[PDB]
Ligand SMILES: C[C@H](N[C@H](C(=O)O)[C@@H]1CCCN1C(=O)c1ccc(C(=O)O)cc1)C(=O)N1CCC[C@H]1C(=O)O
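Next up: just one chain, as structure tokens, the form solved without the ligand.
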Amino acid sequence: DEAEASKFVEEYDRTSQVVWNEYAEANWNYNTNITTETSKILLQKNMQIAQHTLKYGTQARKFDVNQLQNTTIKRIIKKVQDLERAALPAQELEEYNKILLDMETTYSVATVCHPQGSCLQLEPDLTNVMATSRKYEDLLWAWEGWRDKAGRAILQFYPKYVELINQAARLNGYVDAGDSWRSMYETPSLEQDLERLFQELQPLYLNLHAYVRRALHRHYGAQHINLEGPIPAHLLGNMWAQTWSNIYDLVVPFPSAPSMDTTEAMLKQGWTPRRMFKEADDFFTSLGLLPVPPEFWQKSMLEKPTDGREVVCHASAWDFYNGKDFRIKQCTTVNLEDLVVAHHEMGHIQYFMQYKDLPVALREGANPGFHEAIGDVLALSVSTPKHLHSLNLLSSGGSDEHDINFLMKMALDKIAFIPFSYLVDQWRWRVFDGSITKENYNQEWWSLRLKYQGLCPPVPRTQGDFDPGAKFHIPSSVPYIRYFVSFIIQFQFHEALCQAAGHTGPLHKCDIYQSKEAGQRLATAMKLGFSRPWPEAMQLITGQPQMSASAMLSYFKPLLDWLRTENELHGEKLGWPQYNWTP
């Protein structure tokens, strides 16, 4: 048993390093160069990695894991027993691989055209319309057009995708794909834990929602906003209304305290995508954390190519499983939003670099939420008016009015995201368990959009619509609950790191730049990779083991007080009791 187990793990690790590296190369080549040739080569490398996964997975299942002495070895073998998609018979596997490729390509190439006129891509064109347009009809054209072209096109693939991903999950001992995905957390209480955290953020979200709804009523008119109903989904400055910070101009608490056009500041000062990533790299090293290798700068795709290549523009970070080659792929735009995204992606890279010496099976975050949180933690400090001023992107600080303005800007991103990030996998888990059929995909999506976010579609949906498909993570088959987890725990990390850095005063005023004490907490946790259950890494960072909304609540407490006073004086009804309302 124990000698065979150790040898197996050693053999698994050295062979996986080679196969995964080769696969990552082909995957990268496709993602940064969408052609028939790179598609063919990718689909072929799929079969190579599946061969390897089957070989070692079949072998791993011969071990009685719960009868093994060593913890690290037992944990590796348990994981290898899960073949994931390689559990599918050859015919279903090739079909599944092709479906995944087809969905990603469809989404990444979709355009929205005026007749006899120009065609708009999602990045940057439609994103910019959603962020900057203040015309109801122009916002609707982009919102609907994007769903018409990307969402509807995904529908033909989705039922078969569901069938095949569920089949793979069952062949690996799970009840469905949702079961398989949730198991990434190793937390039996997950669904209830997440529900409790969501409920805790309700007073803050409802108050933000009511305040923003009033400001939209002001701008877009009484005929288009029901002050007791859900908010039309196209008015929040973002394609998915998942973050609302682009309508800051419509909702400024104290318009007498003006803040700098940060984008114009970045453009004027000649900021480029490369500069944005260099500044992120500097923040990590200021903490005593690792710099990205010279290779990163050579091989990364940090901006949309202009040589005619079709690419997957959605930001992502890549581990090539050799401990040397790490890359980011991002169609970076020069603005504050993408500066935050650059930091998020550099957090993934930092995690890769930190756990690079673990066996490849353990080269994952403590849970998927941890991997998402790292970059966002640093970005919280980056976002402070004090720090932005030090980058010469803001002029100031430290009036109460500028303070509530700052908290509002942060809430529009961080608070608004809470119900959306909770909502995506509530929908998918119910698709995977068979409670939502292909007949009810869209209707149940909107039911949840209403229930959790208090949003309504600006135009009634019809048969053939598949709005979930217009969101990257759906055709791309990337689990989403990690983002909800991330947003809760990143505030816990911020609080702990700030304490470790000797910050006193309001949490939202903390900037951990150059804190070696903060860097050390992060490094120790990240080095664990997936080697221990996640509460150990939580414990290392925060001095306790639990997920908790208390840090986020504390961060936003002065804003909650302000919102309650403001909403009360205008007599807002919190929530959307007129829930059937649409515009």
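Start at 1 and count along the sequence shown; that's the residue number.
The same protein also exists as the form deposited with the ligand bound; that form is not shown, yet it is the one meant from here on.
Engineer: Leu267: heavy atom within 4.5 Å of the ligand in the deposited bound form?
Structural biologist: No - in the deposited bound form, heavy atoms of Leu267 and the ligand never come within 4.5 Å of each other.
Engineer: Can you tell me if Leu250 lies within 4.5 angstroms of the ligand in the deposited bound form, counting non-hydrogen atoms only?
Structural biologist: So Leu250 does not count as contacting the ligand.
Engineer: Is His234 close to the ligand in the deposited bound form, meaning a heavy atom pair under 4.5 Å apart or at it?
Structural biologist: So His234 does not count as contacting the ligand.
Engineer: Just checking whether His473 would be counted as a contact of the ligand in the deposited bound form - the rule being heavy atoms within 4.5 angstroms.
Structural biologist: Judged by the heavy-atom cut-off of 4.5 Å, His473 is in contact with the ligand in the deposited bound form.
Engineer: Please tell me which of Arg213, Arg75, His371, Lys149 lies within 4.5 Å of the ligand in the deposited bound form, judged by heavy atoms.
Structural biologist: Here the answer is residue option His371.
Engineer: Looking at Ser316, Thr111, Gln499, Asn128, which has any heavy atom no more than 4.5 Å from the ligand in the deposited bound form?
Structural biologist: Looking at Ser316, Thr111, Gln499, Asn128 one by one, just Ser316 meets the 4.5 Å heavy-atom criterion.
Engineer: Hey, of 453 to 461, 279 to 287, 341 to 349, 401 to 409, which bit sits against the ligand in the deposited bound form at 4.5 Å between non-hydrogen atoms?
Structural biologist: Checking each option against the 4.5 Å cut-off leaves 341 to 349.
Engineer: With the ligand taken in the deposited bound form, which residues across 242 to 265 come within 4.5 angstroms through any non-hydrogen atom?
Structural biologist: Sequence-ordered list has one entry, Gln242.
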